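Before any comments, here is the structure.
Nothing in this text is a laboratory measurement; each read-out follows from the coordinates by a stated rule.
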Amino acid sequence: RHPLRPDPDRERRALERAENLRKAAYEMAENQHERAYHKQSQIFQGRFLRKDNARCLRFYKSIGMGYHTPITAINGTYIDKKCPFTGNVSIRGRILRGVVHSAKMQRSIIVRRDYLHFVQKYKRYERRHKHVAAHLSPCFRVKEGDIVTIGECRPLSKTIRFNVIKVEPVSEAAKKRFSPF
Amino acid sequence: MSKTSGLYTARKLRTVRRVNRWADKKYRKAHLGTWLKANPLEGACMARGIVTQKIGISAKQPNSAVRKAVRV
Ligand SMILES: [K+]
Ligand SMILES: [K+]
Ligand SMILES: [K+]
Ligand SMILES: [K+]
Ligand SMILES: [K+]
Ligand SMILES: [K+]
Ligand SMILES: [K+]
Ligand SMILES: [K+]
Ligand SMILES: [K+]
Ligand SMILES: [K+]
Ligand SMILES: [K+]
Ligand SMILES: [K+]
C-alpha cells in the first residue's frame, strides 16, 4: 500500500457513524419481541461502552475477484451471518448471472437462468431454463426482473449454495425476453 | 411449409415424431406391449407341450383338402 491517506479535515467529524451504530445496537436491546440478541461474532460488545473511539464498532471485508464492497453494508445496522461482506461465509467456485424470478422469501430469492440445448438429428435448438435459490443480504434490495450476479458458497440450507454479490436494476414495465447471458 | 421450421423448434420436431410414430401398425405391434402379453409363446422361438387330441381341419375356399393338426 504505497500511498498513505490524503488529507480531509472532516474525517473525525464524519465518524459520527460511531454514535449511529451505537444507538442502533442499543435499539436492538429494546425490541423485547426477539428471543436472541443478535450481534456480529467479530465484535467484542465492550467497544460500545468506551468513549475514546479508538476501536471499530463494525466488521466488514472484501470478497476479491474485482467486486467492491457496497457502502450500504459498511454503514448499515443489520446483522447477517450469511452476508458475504459482513458475515461468516466466503465466495469460491463458479460465478454466474441471472434474473430475479421471485423475492417472496426471507433474505432469499429465486433466480432464473436461461440457456440453449442443441439437438443434432434435427440440427436445431431448444430453449431451456433452471431455477436457483440464493441468499439476499439486506445491503441489496431487488424486485422481479432485475439482473443479479451470484457466487458460490458452502451449503447454507437444503436448496441454497449461492449468494447475491451484484445487482443491475431493470425498469418495471418492460417486455420480458429470453435474455440468456 | 406443412412442417415447422426455425432455429429453435427442436422440441416441437421431436414431440411430433414421438406422437406420430404410434400410427404405424408395425411399430405399434412391436412396441406397445399388448402383443407380448397376448402371445402364446411369450416372445420365444419355440415351446414344448403335450398333445391333447388329433384333428382334421378343412381348407379355405379355392382349395379342397383335410389338413392334419393337434391341439396342444
Ligand atoms: K452483519
Ligand atoms: K446458451
Ligand atoms: K444443453
Ligand atoms: K424453444
Ligand atoms: K434451512
Ligand atoms: K432448508
Ligand atoms: K421465448
Ligand atoms: K404436406
Ligand atoms: K410434408
Ligand atoms: K405442421
Ligand atoms: K428464429
Ligand atoms: K407427422
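With Rg and the Kirkwood Rh both taken from Cα atoms, where does Rg over Rh land for the protein assembly as shown?
Taking Rh as the inverse mean 1/r over Cα pairs, Rg/Rh reads 1.38.
At each listed q (0.19, 0.29 Å⁻¹), what is the log10 of I(q)/I(0) that the Debye formula gives for region B:1-61 modelled as equal alpha-carbon point scatterers?
-0.92, -1.15
For region A:21-156, what D do you get in µm² per second when you plug the Kirkwood radius from alpha-carbon pairs into Stokes-Einstein at 25 °C and 0.890 mPa s?
Answer, rounded: 138 µm²/s.
Per q in 0.26, 0.27 1/Å, what log10 I(q)/I(0) does a Debye calculation on the alpha-carbon atoms of region A:1-54 return?
-1.12, -1.16
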